[PDB]
Amino acid sequence: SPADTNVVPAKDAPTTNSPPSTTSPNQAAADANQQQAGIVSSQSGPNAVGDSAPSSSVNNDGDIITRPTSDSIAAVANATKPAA
């Protein structure tokens with residue numbers, strides 16, 4: 001029974017479920033993933049307490065991004081263009 005014999009991490013899996021948050025990026029994501037898996041809260045006790053998941057917002061550096069790393073470089077760049 002194929003399409004089962006071979007299952008690999010989905011496209012961009014690290015941070016798929018990760019919800020667009022500005023409060024606790026990781027916690028918020030370690031939860032979308034939590035409910036996502038279907039694992040009820042009351043079921044996993046101590047575990048689902050202090051935990052993080054890669055977040056779709058957190059970006060590669062600590063900083064809690066609010067838009068693509070690229071469109072952010074684009075902001076700084078644009079805001080600096082003396083009249084040719």
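Ideal geometry is used to build each Cβ from the backbone, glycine not excepted, and the neighbour counts take in all protein chains shown. Computed from the coordinates by the stated procedures, all read-outs in this text should not be read as laboratory data.
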Query raised in the report: Pairing the Cα long axis of helix 69-78 with the longest principal axis of the chain, what angle in degrees results, from 0 to 90 and rounded to the nearest 10?
Result: 10 degrees
Query - Computed helical MRE - 222 nm, the chain, DSSP H runs ≥ 4 contributing -39500 (n - 2.57), nearest 500 - result: -8000 deg cm²/dmol
Query raised in the report: With point charges of +1 on the Cβ of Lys and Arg and -1 on the Cβ of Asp and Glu, referenced to the Cα centre of the chain, which listed residue (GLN35, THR15, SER72) lies farthest in the positive direction of the dipole?
Result: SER72
Query raised in the report: Across every pair of different alpha-carbon atoms, what Kirkwood hydrodynamic radius in Å does the chain reach?
Result: 15.3 Å
Requested in this report: Take peptides 1-14, 44-57, 62-75 and line them up by average Cβ neighbours within 10 Å, highest first, as a rough protection proxy.
Outcome: 44-57, 62-75, 1-14
